[PDB]
Amino acid sequence: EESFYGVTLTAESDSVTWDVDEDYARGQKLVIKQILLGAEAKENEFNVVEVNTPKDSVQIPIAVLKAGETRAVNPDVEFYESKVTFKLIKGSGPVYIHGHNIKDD
Amino acid sequence: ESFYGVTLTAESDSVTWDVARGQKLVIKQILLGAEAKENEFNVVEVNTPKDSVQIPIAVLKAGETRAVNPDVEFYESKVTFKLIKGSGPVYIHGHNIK
Amino acid sequence: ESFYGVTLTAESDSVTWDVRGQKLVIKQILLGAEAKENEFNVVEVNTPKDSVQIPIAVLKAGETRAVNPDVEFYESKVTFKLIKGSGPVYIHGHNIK
Amino acid sequence: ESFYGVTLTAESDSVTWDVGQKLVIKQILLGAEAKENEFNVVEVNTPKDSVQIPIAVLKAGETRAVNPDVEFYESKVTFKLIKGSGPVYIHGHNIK
Amino acid sequence: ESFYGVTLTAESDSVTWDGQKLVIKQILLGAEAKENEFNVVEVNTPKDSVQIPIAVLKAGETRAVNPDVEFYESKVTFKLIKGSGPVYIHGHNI
Ligand SMILES: [Mg+2]
Ligand SMILES: [Mg+2]
């Protein structure tokens, strides 16, 4: 009951929302395993991804990357039955978000 | 269960988690903010009375260590996280699961 | 049930997995010691399931030696391609049913 | 279960874990006060499985932390700071 | 059921593990490892016909890797094909 999750964020397309079948609580969970900075990212430019979840008054950066210092982070965080939006609030990317898209429990 | 995300700064250096049965807080990542002062050590200390422990779980510094992934858990416990060194910001990520 | 270990290089820049309940877990992507200093090595994962195509590893001698995607692919073929760099790059994981 | 957090320093270089009990070591972290460029090595000793070996090699300026994610189902386990003055922090948990 | 911890060096550049399974959690470079020297650990598992580096370490760049790979019912041999180490391999057998 899983599917690979892989989305890309850029200055031009800075947001991605996960909301698998809006309102229906069947145990769906999104697990974010890795957030990776693209090879083309300008050296020394901070790239920050912020995660947003209304369900928990949540708004906080989950990744701070910079070519030359931090190429990737492995949050291994999860979001359960909730609408989650990832936004590139700093930098032009690209930034890739990888994880597990769990359909139910 | 629910995502856990709190921010610590010089202006607000402490947060507490106090729920109960079967509840556990898993701390997956502690990340240093982009604005953090270069070469400034930022230390997050966890305090858990129940398990008689007060110890740093993150030592970060722009230019050396941007993040740590403790992957530690606090089962059926009240827990306080404090930024005891540095001005931050520092982000603590995890989730609660019963 | 079986260890998965494949090598990608400029000469052999692509590998495909066709294995049903069969699943492929990718645990680590590692840059070889002979990889050129300062050369970006990018591995792209591709799968017909959900039309997937995205880099899953960006490596570079002197900056990033390895990544741990810890991602999985279920009942579907998966192709890994070294779209940038000459490697060698190693992909590690396992196949389980 | 219970959280496991212990500190090792030159002045207090060893800690022993005693009592299906399993000790899982998740992270070994180098303290901010650790001398720059100083190697700090934590050795583990688990007789039940016959193994004395370093499980962490840290150094300010190079490696701030390691995530062993190793477990000892075994009885008693001793961690010792065999190199360096620390402080070094060991985090994990005891699971019944 | 048991902690696995072995050391590889130029002098002792081989280790053999011969329901049984071996999970490799961490491969760590020793403090005495020569600065800037590449240390490569190759795993060889006959059952799946794989011989491939599982760790590439170097003092000053990469102190450790966390493969988190597993080997199901099979003989496994780890060889330090490059470098003098010491290199430590940690995990557990089930
Ligand atoms: Mg924008
Ligand atoms: Mg303070």
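No hydrogens, no waters, no symmetry mates; every other heavy atom, side chains included, goes into these values. Here is the naming used below: chain letters follow the sequence lines, and residue numbers restart at 1 for every chain.
- Residues A/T85 and A/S15 come closest through the heavy atom pair CG2-OG, 3.3 Å.
- Of the candidates B/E73, B/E1, B/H95, B/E73 is the only one forming a side-chain hydrogen bond (donor to acceptor under 3.5 Å, both in side chains) with B/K24.
- Note on D/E43 versus D/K80: no salt bridge recorded, every NZ/NE/NH1/NH2 to OD/OE distance being 4.0 Å or above.
- Of all heavy-atom pairs between E/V40 and C/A33, the closest is CG2-CB, 4.0 Å.
- Within the 4.5 Å cutoff, no side-chain heavy atoms of A/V31 are placed close to those of A/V77.
- Side-chain atoms of E/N39 come within 3.5 Å of backbone N or O of E/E37 as a donor-acceptor pair.
- Checking side-chain atoms of A/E2 against main-chain N and O of A/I102 turns up no donor-acceptor pair under 3.5 Å.
- Rounded to the nearest 0.5 angstrom, A/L65 CG and A/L88 CG are separated by 9.5 Å.
- Environment of NZ in C/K36: sparse, with no more than 12 heavy atoms of neighbouring residues, nucleotides or ligands closer than 6.0 Å.
- A/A67 and A/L37 get closest at one heavy-atom pair: N-CD2, 3.3 Å.
- Geometrically, C/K60 engages C/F40 in a cation-pi contact defined by less than 6.0 Å to the ring centre and at most 45° from the axis.
- Within a 6.0 Å sphere centred on NZ of A/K55, other residues, nucleotides and ligands contribute more than 12 heavy atoms.
- Remark: B/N96 CG to B/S2 OG distance equals 5.5 Å, nearest 0.5 Å.
- Distance alone, capped at 3.5 Å, is enough to place a donor-acceptor pair between the B/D51 side chain and the D/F3 backbone.
- Residues C/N68 and E/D68 have side chains not in contact (no heavy-atom distance under 4.5 Å, counting atoms from C-beta outward).
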*Could you please spell out the steps behind the side chain to side chain contact (heavy atoms under 4.5 Å, CB included) verdict for B/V79 and B/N47?*
CA-CA 6 Å; B/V79 180; B/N47 183 349; over 6 Å; no
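- The two residues B/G5 and A/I60 make their nearest non-hydrogen contact at C-CD1, 3.9 Å.
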*Go through E/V65 and E/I27 one step at a time and tell me if the side chain to side chain contact (heavy atoms under 4.5 Å, CB included) criterion holds.*
CA-CA 6 Å; E/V65 288; E/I27 299 179; 3.8 Å; yes
*Test side chain to side chain contact (heavy atoms under 4.5 Å, CB included) on B/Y4 and B/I27 and set out the steps.*
CA-CA 8 Å; B/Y4 186 71; B/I27 297 305; 4.0 Å; yes
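- Put simply, CG on B/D18 and CD on B/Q23 are 10.0 Å apart, with the number rounded to the nearest 0.5 Å.
- Once rounded to the nearest 0.5 Å, the distance linking CD of B/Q54 with CD1 of B/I84 reads 7.5 Å.
- A salt bridge does not link B/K85 to D/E33: none of the charged side-chain nitrogens sits closer than 4.0 Å to a carboxylate oxygen.
- Side-chain contact of B/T48 with B/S77: a donor-acceptor pair under 3.5 Å is absent, judged by distance alone.
- Residues A/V58 and A/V51 meet the side-chain proximity criterion, which asks for heavy atoms closer than 4.5 Å.
- The main-chain N or O of E/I54 is found under 3.5 Å from a side-chain atom of C/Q28 such that the two form a donor-acceptor pair.
- Note that the CZ atom of C/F73 and the CZ atom of C/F80 stand 5.0 Å from one another [nearest 0.5 Å].
- A distance of 13.0 Å separates CG in D/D13 from OG1 in D/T7, rounded to the nearest 0.5 Å.
- Proximity of A/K103 to A/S3: side-chain heavy atoms (C-beta onward) are separated by under 4.5 Å at one or more points.
- A donor-acceptor pair is defined here as one N or O able to donate and one able to accept, closer than 3.5 Å; no such pair exists between the side chain of A/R71 and the backbone of C/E63.
- The pair A/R26-A/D21 meets the salt-bridge criterion, with a side-chain N (NZ, NE, NH1 or NH2) lying under 4.0 Å from an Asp/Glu carboxylate O.
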*asked:* Using the rule given for side chain to side chain contact (heavy atoms under 4.5 Å, CB included), can you reason through C/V58 versus C/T64, listing the C-alpha separation, both sets of side-chain angles and the distance that settles it, and then say yes or no?
replied: CA-CA 8 Å; C/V58 175; C/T64 311; over 6 Å; no
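- Closest approach of D/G31 and D/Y89 over heavy atoms only: CA-CE1, 3.5 Å.
- The backbone N or O of A/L36 lies less than 3.5 Å from no partner atom in the side chain of A/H98, so there is not a single donor-acceptor pair.
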